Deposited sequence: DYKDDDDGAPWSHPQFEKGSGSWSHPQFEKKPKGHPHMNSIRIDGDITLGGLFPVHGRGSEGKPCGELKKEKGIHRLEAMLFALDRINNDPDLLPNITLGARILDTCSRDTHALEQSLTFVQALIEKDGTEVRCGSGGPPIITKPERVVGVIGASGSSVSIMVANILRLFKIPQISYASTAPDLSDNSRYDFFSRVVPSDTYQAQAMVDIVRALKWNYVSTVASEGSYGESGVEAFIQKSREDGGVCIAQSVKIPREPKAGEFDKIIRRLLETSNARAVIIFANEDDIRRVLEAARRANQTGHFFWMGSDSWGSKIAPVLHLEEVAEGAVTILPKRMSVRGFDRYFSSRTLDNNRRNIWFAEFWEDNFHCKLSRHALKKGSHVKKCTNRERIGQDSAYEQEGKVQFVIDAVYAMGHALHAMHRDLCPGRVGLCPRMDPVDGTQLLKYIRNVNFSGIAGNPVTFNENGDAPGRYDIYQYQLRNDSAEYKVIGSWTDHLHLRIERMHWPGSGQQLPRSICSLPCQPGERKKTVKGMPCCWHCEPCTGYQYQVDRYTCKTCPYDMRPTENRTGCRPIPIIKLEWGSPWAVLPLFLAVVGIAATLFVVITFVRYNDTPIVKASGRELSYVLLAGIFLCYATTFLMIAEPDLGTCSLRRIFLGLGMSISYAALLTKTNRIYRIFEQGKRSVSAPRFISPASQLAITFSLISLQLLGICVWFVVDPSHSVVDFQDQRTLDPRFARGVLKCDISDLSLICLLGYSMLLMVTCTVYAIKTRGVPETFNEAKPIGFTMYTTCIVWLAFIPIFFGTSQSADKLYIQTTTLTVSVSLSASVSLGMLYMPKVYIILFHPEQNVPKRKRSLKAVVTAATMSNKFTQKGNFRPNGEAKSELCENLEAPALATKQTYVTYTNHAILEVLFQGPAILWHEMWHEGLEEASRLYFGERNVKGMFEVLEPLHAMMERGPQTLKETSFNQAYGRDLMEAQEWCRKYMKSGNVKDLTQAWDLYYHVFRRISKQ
């Protein structure tokens, strides 16, 4: 069952008139567009070349068109007719499927028969070693694969899936796209689905769940054939996944209405690619003017009538129907490429005729046995212009220049041009309509500053992980620690200055030393003024007129000491803190010790010797102070609680003063050592009444107030705060000791003279 046309030169033909048969049947369902429209294009082109005086004059072209049946093995046995007589056709028009053309190529090349395909897009057939006799008029999948990834980049998604069918086209199509995606690096394949060429029941329902497992890859790329796309789209409707999938059709689905027939609701907004083409106005008039009577050359045209008009020769068929009005008619996209393939072989024959048969108008004797080797070199050297003005040329490998354009399926139900590919993408997103600007990306970006970017096995999926409140985000790749004196900004990106906590009046604890200092200073100022005002000789005799004054001044210095303890922390003042406490404590202790010693000595001038001893005791304290003055003139201390920063960043500010634990103990120890001497003297003296009673009370007050100093000062370690507590307790301790000692001696003197 084939079309036979008589002519001087016979041209072979292979078209998928019938679909692939199921089970053991070789041929399945008739193809009204992929098989019938393309077949009539060859008939239309041959009837146009044979009526063209300028193309092959006086030479008619015959045709032996067979039925590919969309099966690779079925076309091989039909192609045996083209070569059975050899061990006559000079060349054939190649099939549509890439796998079908491959077996025809390696058999016709085996018999030196050139082949030109109109729809075979596969990089495998581009190899000149195995298919030197094979040529094509359409771009290879290598250019199409590069075009597809360009559209993926421009549409702002980079995480997609690949769907392919069995054969040398679908398998090599996704592989070419994957290889180009690896060079891109930014686009990755979540998974690959390969549809078997003989699927079982429910196979297409299973592959939908495979794509449904990865819900992130909402956009998928399909390289399946026309029949598989129709079943894949149908299976999506069963799973109620309409609108969830964004389809990226290949050249097998560029503008065909069969895969989308009765499926307008599903696969809306699908982006499809197809080689650049234009509609032929001569074929539309030729095809629409065909009926069951005039078109008897095509054996399958009678069968086409029932499929197109939904009748039979069901409802009866009247022999008066027309294709263009009684049914929807739109010519196949590859019809133009069929015209170019026929004209390319015809042009080469004309080019070979003018050289081989110059004088002869028909077929000269040295041209009747056409050899494929000589015909092939003329196939590759044609530079004519086909219908619609497109230039057609064959490269060294017999390929066509890479030209592509992009369609989109929209409902308002037709394909609309949204861009083009001419080695660079010219997409027009403003016309694309699907959800506004759908995105299919893995691990949606996070950037609060704290969230780091972690790379999984797939470079597309950037895992999101926050950074704790201890380190700063130098970059999205990794976050690094802030300086220890720096607190991370509100956003983790970058750092910010850590605060401080200075000592100033108004604190709950600092208020009391200020109040006691005012009372202590006022109390010691009144008594010293009172003695100067009226200086009675009996009171001054016990005082000494030199020891009492320095005791009042020494006690007043302690009241001045606490003033600078809470004052503004400065390098000069903080260094002078030890001088104030050291001088005040030494002066009070040394002069008191001399007074007790003098009273003890007489019990078991003299005041002149007492002050010299007190001055000597002050000198050794001053000499020790000078040693501590130069041992470490530290300016100040900044980090008090910031040295061991807390886990949060709520508050870590601290302001301290330059002080040493050893220095404080040594300074207090020297004063305490003198007080220890007074303790021994008072105990022995406790066995003049006016002197024993106040002195015993003074040492009683100092010992108890210092006894409470050790557990507070040493016990404040690892507490909530240390600097704040220590300074307040130190000030009140020295102030209470000075107030008790001065008050115990000044009050009786004022009261005695009051009654005198």
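Missing C-alpha coordinates mark the following deposited-sequence intervals, in order: 1 to 38, 126 to 146, 373 to 382, 482 to 484, 507 to 510, 681 to 691, 775 to 777, 847 to 1013.
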